[PDB]
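Read the single chain below, which is given as structure tokens and is the form deposited in one PDB entry.
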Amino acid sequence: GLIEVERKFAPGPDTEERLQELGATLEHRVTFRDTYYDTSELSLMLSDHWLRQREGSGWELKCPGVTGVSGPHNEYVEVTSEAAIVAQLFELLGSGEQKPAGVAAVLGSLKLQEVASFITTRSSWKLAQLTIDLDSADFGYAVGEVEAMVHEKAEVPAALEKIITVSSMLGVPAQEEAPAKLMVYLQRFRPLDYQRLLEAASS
């Protein structure tokens, strides 16, 4: 799959106006459920893999990036082929000897269960490209991301530059590193999982 490069930010009262003034256009709005899966030991998340089923899109696996871009920014390979997702799940959790099947069909054999499920309403903008998604979660939390998707690693630096420039033109504090919706959900509603992630990040 493709390499996603992103920077999250806290959206302000002026964000639409600022986007308008930059020449970004609002492409669509959409409301949808995401459901994230892991083992009881959080084997995926602790290895920086994120498996989800998204209403309207199907199964998606985020795999850790190949280049060094972490900080307020981050980089993931997004895998959307179910066959590719299963192949990676077998390697991480099970055996490559297992019979391939759809992601839903293998969950039970790999002891994968729902760790999080929540609805989001997303207002999606395009800049000529970059995408800027302004999200509101159904547990009460709002976040934005400036994002680019590239094919090869050598395109990452140039994408990363635009992402920073656009966040800055939005007037988003440089220091700010707004958390992912999933991380706020885990903090509020899966506190023992959240602590496990904390203890592993400081390690």
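In this text, residue numbers run from 1 along the sequence as written. What we label the rigid core is the largest C-alpha set whose atoms superpose within 1.5 Å from one form to the other.
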| query | On average, which has the higher Cα B-factor in the deposited entry, 142-150 or 64-72? | reply | 64-72
| query | Mean CA B-factor: is it higher for 54-62 or for 152-160? | reply | 152-160
| task | Choose from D34, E176, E27, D48 the residue with the greatest Cα B-factor as stated in the PDB record. | result | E176
| query | Out of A137, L134, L44, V172, which one has a C-alpha B factor higher than all the others in the entry? | reply | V172
| task | Classify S109 as lowest, middle or highest third according to the C-alpha B-factor given in the PDB entry, relative to its own chain. | result | middle
| field | Record-listed C-alpha B factor of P191: chain third | value | lowest
| query | Relative to the other modelled residues in the chain, which third contains the C-alpha temperature factor of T120: lowest, middle or highest? | reply | lowest
| message | Ranking the modelled residues of this chain by C-alpha B-factor as given in the entry, is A10 in the lowest, middle or highest third? | response | middle
| query | If you rank every modelled residue in this chain by C-alpha B factor, which third holds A128: lowest, middle or highest? | reply | highest
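What comes next is about the form deposited in another entry, which is not displayed.
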| Core aligned, which of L46, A137, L134, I164 has the Cα that shifts 2 angstroms or more between the shown form and the other one? | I164
| Once everything's superposed on the core, is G23 shifted 2 Å or more at the Cα between the shown form and the other one? | yes
| Yes/no, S81 Cα shift of 2 Å or more between the shown form and the other one with rigid core fixed | no
| said: Given a core-based superposition, decide whether the C-alpha of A148 shifts by 2 Å or more between the shown form and the other one. | reply: yes
| Closer or farther: C-alpha pair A101/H151 in the other form, relative to this form, given a change of 3 Å or more | farther
| query | Closer or farther: how do the Cα atoms of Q187 and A174 compare in the other form relative to this form, given a change of at least 3 Å? | reply | closer
